[PDB]
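Single chain ahead, by itself, as C-alpha cells, in the form deposited in one PDB entry.
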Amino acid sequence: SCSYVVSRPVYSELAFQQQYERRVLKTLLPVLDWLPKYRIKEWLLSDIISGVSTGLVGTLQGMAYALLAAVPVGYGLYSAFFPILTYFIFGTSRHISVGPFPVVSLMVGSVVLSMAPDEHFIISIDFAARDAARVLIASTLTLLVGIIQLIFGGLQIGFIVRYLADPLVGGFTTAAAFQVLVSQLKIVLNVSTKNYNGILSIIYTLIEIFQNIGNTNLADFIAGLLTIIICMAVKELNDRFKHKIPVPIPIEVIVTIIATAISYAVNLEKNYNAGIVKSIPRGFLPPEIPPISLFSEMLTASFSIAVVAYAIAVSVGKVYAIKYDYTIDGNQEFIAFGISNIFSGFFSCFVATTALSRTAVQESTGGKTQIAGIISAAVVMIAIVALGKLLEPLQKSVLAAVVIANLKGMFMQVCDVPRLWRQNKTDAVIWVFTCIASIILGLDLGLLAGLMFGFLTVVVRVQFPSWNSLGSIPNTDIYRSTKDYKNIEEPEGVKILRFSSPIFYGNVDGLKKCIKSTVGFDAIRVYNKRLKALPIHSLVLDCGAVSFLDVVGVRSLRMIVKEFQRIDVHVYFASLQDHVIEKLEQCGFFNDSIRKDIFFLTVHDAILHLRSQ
C-alpha cells in the first residue's frame, strides 16, 4: 500500500542549521463568584437536604475522629464546624465536605500523644490538665499545618501531590489503616495501654493490647463488635442491593443513635462501667493563641500532615470536578485549607481536610455548591449548642467501631500488590516499601520515606537504562538491536550504541561502561599499549532518548570523544535534540576541534556519511 519514500541530503547538525536557520480576586476567592450566580429557585432546596444529611454524618464523623486525635470528644465538633465556615469563602471545590478524615486525625493524635504522654505530664491523675495540654498541642499543630499550606499556596507549588505516586499512596493508605485499626481496637477494648512513641510503635501497642486483653471491658467490646458487624452488613447490602435507594443508607448515624439511647436507658456508665464519652461541652469556646514555641518539635510532622491532607482534598475535589465538569485551583486549595487550618487552630481544632465518605454523602443527596457545607456546619453548631448533652451516654467503642468498619476499603488495597508486581516491579516495590516504612516509623516519617524512595526509584531507572547495540534492517533506515531481531546486519567497522537515558553522573559512569563493552576495548588501555609499543573505525551514539544533560555529562562526552579520537576512532552523535545541543554548546563542548560536524539528525545520516568515506 503506502510507501516510505524520502529523498533529501545527508544532514549533519551543522549543515542542517546552515540550510534551515533556527529562531486580585482569586487568591481571595470571593463567595461572590457564585452567590450572585446562585440558583435559589431550585438549587436551594437540594442544598438544604444535602447539607442536613452531610451535617448529620459529619457531626458523628468529627466525634469519632476526635478519638483518633488525642483530644476529648467535643473538639471534633469544632473541627467539623469552623473549617467548613472558613472554606466556604476560599474554596474552589463545591462538592467536598471539610472535616477530620481519620488518617490526618491519627497523625495529629500521634503528634499530640508524643508531646503529652500520661506519665510525662501527670505525676498525681489530672485528666483535665492533660486534656487541656493535648488540645493546645493539637491546635498548635493545626496552626503550623495551616501556615505551611498557606506558604505553599503563596509559592504556587501545587505539583507536590504529583510526587505522591499512586503505589506509595496505596501503601501509605494501607499502613494508615493498620495504625487506625490498632488505635481504635485499643479504644473498643477499653484497655489501658501506655503510649509508645518511636520505631516499631504499632507492634509494641499490639503486644501490650494482647497482654491486657484480660482487662477488656465486656460491654464495650460487645458494643464495638455489634456496631462493626451491623455497619459492615448494611454496607454490603447497600452495595449489592443498589438498584433501588440511590441514597446511601446512613447506618452509622442510626447505630450511634440506637447505642446512645440504649446506654442512656440502661446507664452503662455505672452499672457496667462502659467507656462513654462522659464529657461534651455545651457552647462555643473562646479563641486562644497557640504556643508557637512548639513549632520546632512539629515541623517534620506538620509538613507531612499538610501534604497528606491537601492530597486527599485535591483527590476528592478532582474526582467530583471531572464528574460535574469544572476545575479546581490547586494553589487556591493550598490557600483555602491553610486559612482553614489557621482559623481552626485558633479555635481549638485539629487538622482539617475532606473525607471521601462524607463527600459522597453530601453529593449523592443533592450535591450542589458549598451552601450545603454551610448547612452542614449549622447542623454541627446546633449539635454543639443543643445536642451536646444528648450524646453524653454514647460509648467511645461505638465510634471506634464505626471507624474500624469504614477501614475495610483502605484495607482492601493489598490486593493491588500482586497486580503491580506482575505489571511493574518498581511500583510494587514502592508500594511495599511505603507500607512497611509507614508501619515501622511515624506516618509522617513513613510518608517522607516513601517520597524519598520514589525519588530513588526514578533516579535508578534513569541511571540504569536499556542500552543496545544497533544495526540496520537491510534496505531500510530502521536501526534495531542486533541481538534482538536475528535479521539485523552489522555495519562494517562501526558500532552504534543506543543509550536510552539522559546522560548525567550516574549515567556517565554507566555510559562509559556500556561503550567499553560495546566497542570491545578501552581507549585508554589501547592508547597506552600503543605508546608502550612505540577493529572499529567509527562509533555512532544514538542519543534520541537523551533528555537532559549536565556538566558531568558534557565532560564525559568530551572525554569519550577525545579518548576515541586518540586511537583514530571517530565518534558521531545522532538524534540529539535542539535543547541538548544548546546545553552542549553552552557547556564548552564545541572546543578543541569538535565543530559540530559530527552531529547527525538520525542514525542513518551518520552511516551514509561513513559510507561516503
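Residue indices: 1-based, along the sequence shown. Here the rigid core means the biggest group of C-alpha atoms that line up within 1.5 Å when the two forms are laid on top of each other.
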For this session: With the rigid core held as the alignment frame, decide whether 466-474 or 67-75 lies farther from the shown form in 4 other deposited structures of this protein, in terms of RMS C-alpha distance.
Result: 466-474
Seminar exercise, completed: Core-fitted, the stretch whose Cα atoms sit farther from this form in 4 other deposited structures of this protein, 524-532 versus 421-429, is 524-532
Problem set entry | residue 534-residue 535 interval: deposited residues absent from the model | 10 or more
For this session: Please count the deposited residues lying between residue 124 and residue 125 that the model leaves without coordinates, and give the class: none, 1 to 3, 4 to 9, or 10 or more.
Result: 10 or more
